[PDB]
Amino acid sequence: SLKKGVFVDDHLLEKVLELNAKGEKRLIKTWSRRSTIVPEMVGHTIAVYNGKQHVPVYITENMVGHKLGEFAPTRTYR
Amino acid sequence: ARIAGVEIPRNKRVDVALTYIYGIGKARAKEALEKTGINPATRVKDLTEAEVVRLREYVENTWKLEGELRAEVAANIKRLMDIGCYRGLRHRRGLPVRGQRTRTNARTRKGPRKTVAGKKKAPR
Amino acid sequence: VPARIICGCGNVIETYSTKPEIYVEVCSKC
Amino acid sequence: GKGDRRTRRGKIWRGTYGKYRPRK
Amino acid sequence: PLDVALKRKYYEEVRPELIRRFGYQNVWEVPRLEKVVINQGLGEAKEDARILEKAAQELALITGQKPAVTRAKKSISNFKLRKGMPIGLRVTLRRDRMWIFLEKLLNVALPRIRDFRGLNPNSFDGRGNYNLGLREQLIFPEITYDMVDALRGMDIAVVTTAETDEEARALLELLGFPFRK
RNA sequence: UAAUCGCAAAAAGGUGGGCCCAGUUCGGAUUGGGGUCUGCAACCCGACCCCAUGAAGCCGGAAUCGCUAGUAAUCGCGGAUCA
RNA sequence: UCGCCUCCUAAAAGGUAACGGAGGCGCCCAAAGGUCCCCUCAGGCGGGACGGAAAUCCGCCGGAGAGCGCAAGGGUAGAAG
């Protein structure tokens, strides 16, 4: 529970920040399932890897503190 | 002695009686007894109509508390039906949400044993 | 018979009922 | 008892300290 | 007494407001309560040899009238008992007694309902008049936690002059009915 | 650079206070909310601390394990591995 | 199959046969009887804590399709209910 910092990946923020530069589209691959969802980065759908595939997940405000892997479950039928 | 809605303790030492509220345990109990300045060794049986009101004042006003506490947590589990976080599921399949071994126990979150099986080995 | 309701919200209301002795845990003022 | 994490014996058996077992 | 708060309130407050809101020509066109019939269902009492005459003598304290002892008209094996000796408990309140009952209910009882956000605003539907049902009967002043044994709810129908539920909604909201907007 | 300081409090016991046979001040699972720490990183998956939850269990069917004395029972302490 | 009751066959009075069509009876009620006084159904659409798709409650709409112990027919709420 990172309480001084947000452990959030470089290649991610630089990528959403130079997409914030006038706020363009969003098709973004990643493997940073280990990283926190940043404020306002809503709209931008991020294809998160789960070991097999990049799952196309959409984003909204109510979800924030959650990790991106927390919307790419890893196993199949429980 | 009906402080919280449908909840009424009686003839027991008040300290633990207040436990008999959803949203109130040993902690929020003692906390309130010094602040109301009342001896907890005393029973709900016996006290001033002033003592009673003094207590329900502090408690019901501070925090919450059966009803809209209960109703609140639910809406939080509800919100984990967003696009659908990991803690969202597990709530969806009634399984342990807190990173555990399903292979064996989990019976607290899973109603008693659905033995249901018909596995085979060698006849001939 | 005529009754006297007593709130924990101070307020006293004047209705009529069986037995005037009335302890209320807060009326519709709260 | 030896798992009520809000107690003397609860902390003891676990081997940690808190409110319910003051560090000295 | 021949006068109560609500009764006064109706005349010297609500009566006019409505005449101003909806523009009635005649005193009688102005809607008014007709009656409040209150009833308990009681699927038990039939069985376990249950006399359960506990409910009426109890109810009588709150409503102020000895209730009337209502009975089943068909036989239903499925849902038990056979026409007759059957069960249900209903009382009809008009004038003062009607008023005294609502006075207390609105001003006191609905306050100590367990949850509460207001009364459901979809229980007239054109069909003038308004229904609602309760669960615990101890929410009233006269009833004490000592007195109870089983928690028997009830249905409250309140009938009015209003032909539309627009003009009936107003009447009740202004008489002091908290509605769940 | 360590019988010369530290882990450190041993626990049960002893003293006197509280509960009064209650699924309870028994029991601490489940879950919500809030924090701390190690680590580049605790979504899958860490352990803690606090507020709130207080689940099954009122001594276990057919079965069946261990132990002959400082033993069995029962209480606590250290160490390896190792962020 | 054999007595009794209802309907059709039966040709608009009555009556009318066949190993023609198709059902009931061999009981029941001390109130399901006498009189006086009250009351009006089945459904349908809303509306109402437990409450089904008819448990009990409220409101509209509803001349009769309800009900009248039991088969059918006739009759019947301006009651036979």
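Residues numbered from 1 in each chain as written, not as in the entry; some residues may be left out. Chains lettered and ligands numbered in written order. Part of a larger assembly, values for the part shown. Heavy atoms only, no water.

A. Spatial organisation of the protein's contact with RNA strand F. The full set close to RNA strand F counts 53 residues, and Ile21(B), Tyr22(B), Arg6(D), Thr16(D) and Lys19(D) are the nearest of them. Sugar and phosphate atoms form 76% of the subset of RNA strand F atoms that lie within 4 Å of the protein. One nitrogen or oxygen atom from the main chain of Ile24(B) is found 2.8 Å from a phosphate oxygen belonging to RNA strand F. At the level of elements, α2 (26-35) and α4 (70-79) of chain B together with α1 (8-14) of chain D are the ones that each hand at least two residues to the surface near RNA strand F. Broken down by class, the residue content of the surface near RNA strand F amounts to 16 nonpolar, 14 polar and 23 charged. (Near = heavy atom within 4 Å. Polar contact = N/O pair within 3.5 Å; in protein donor to acceptor, adjacent residues only side chain to side chain. Helix = DSSP H or I, 4+ residues; strand = E, 2+ residues; numbered from the N terminus. Nonpolar A, V, L, I, M, F, W, Y, C, P; charged D, E, K, R; others polar.)

B. Representation of the interface of chain E and chain C in the model. Every contact between the two is made by 15 residues of chain E and, on the other side, 14 residues of chain C. For the pair chain E and chain C, the summed buried surface comes to about 1200 Å²; carbon and sulfur atoms form 63% of the total. Contact with chain C buries surface across chain E, with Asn107(E), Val108(E) and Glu142(E) losing the most and accounting together for 31% of the total. The interface formed by chain E and chain C includes 0 salt bridges. Connecting chain E to chain C are 5 residue pairs in polar contact. Looking at the side of chain E that touches chain C element by element, the count peaks at 6 residues for helix α3 (residues 95-109) of chain E. In the side of chain E that touches chain C, the residues fall into 9 nonpolar, 1 polar and 5 charged. (Contact = heavy atoms within 4.5 Å. Buried area = accessible area lost by both parts, 1.4 Å probe. Salt bridge = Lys/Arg side-chain N within 4 Å of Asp/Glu carboxyl O.)

C. Representation of the interface of chain B and chain E. Between chain B and chain E, the residue contacts involve 6 residues of the former and 7 residues of the latter. Carbon and sulfur atoms make up 53% of the surface buried where chain B meets chain E, a total of about 570 Å² over both sides. Inspection of the chain B/chain E interface yields 2 salt bridges. As a salt-bridge pair, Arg10(B) and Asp146(E) come within 3.5 Å of each other at their nearest N and O atoms. Summed over the shared surface of chain B and chain E, the result is 0 residue pairs in polar contact. When the residues that make up the side of chain B that touches chain E are grouped by side-chain class, the tally is 2 nonpolar, 1 polar and 3 charged.

D. Looking closely at a nonpolar patch on the surface. Among the surface-exposed residues, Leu2(A), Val6(A) and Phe7(A) lie close enough to one another that they form a single nonpolar patch of about 250 Å² accessible area. Inspection of the secondary structure assignment puts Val6(A) in the segment before α1 (10-20). (Patch = residues over 30% accessible without salt bridge, like charges linked within 9 Å, V, L, I, M, F, W, Y side chains within 5 Å. Areas by Shrake-Rupley, 256 points an atom, 1.4 Å probe, with all protein chains shown as cover.)

E. Representation of the protein's contact with RNA strand G within the structure. Residues and elements named next belong to chain E. Taken together, 33 residues surround RNA strand G, and among them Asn 39, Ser 123, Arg 127, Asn 131 and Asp 155 come closest. Within 4 Å of the protein, atoms of RNA strand G come from sugar and phosphate in 65% of cases. A distance of 2.7 Å separates a phosphate oxygen of RNA strand G from a polar side-chain atom of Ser 123. For RNA strand G, a sugar or linking oxygen lies 2.7 Å from a polar atom in the side chain of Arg 127. Elements supplying a minimum of two residues to the surface near RNA strand G: β1 (33-40), β4 (130-134) and β5 (154-160). Of the residues in the surface near RNA strand G, the class split is 10 nonpolar, 14 polar and 9 charged.

F. The arrangement of the UniProt feature "binding site: Zn(2+)" in chain C in detail. According to UniProt, the feature "binding site: Zn(2+)" maps to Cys7(C), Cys9(C), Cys27(C) and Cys30(C) in the numbering used here. Separation in sequence by 24 residues is not matched in space for these annotated residues, since their most distant C-alpha atoms are only 10.4 Å apart. Inspection of the secondary structure assignment puts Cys27(C) in the segment after β3 (21-23). The class for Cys27(C) is buried, based on a relative accessible area of 1%. Setting aside residues no more than four positions away along its own chain, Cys27(C) makes contact with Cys7(C), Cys9(C), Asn11(C), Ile13(C), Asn107(E) and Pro111(E). As for its placement among the helices and strands, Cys30(C) is situated in the segment after β3. (UniProt positions renumbered as here; feature names shortened; annotations may be inferred. Buried < 20%, exposed > 50% of the residue type's maximum accessible area, 1.4 Å probe, protein only.)

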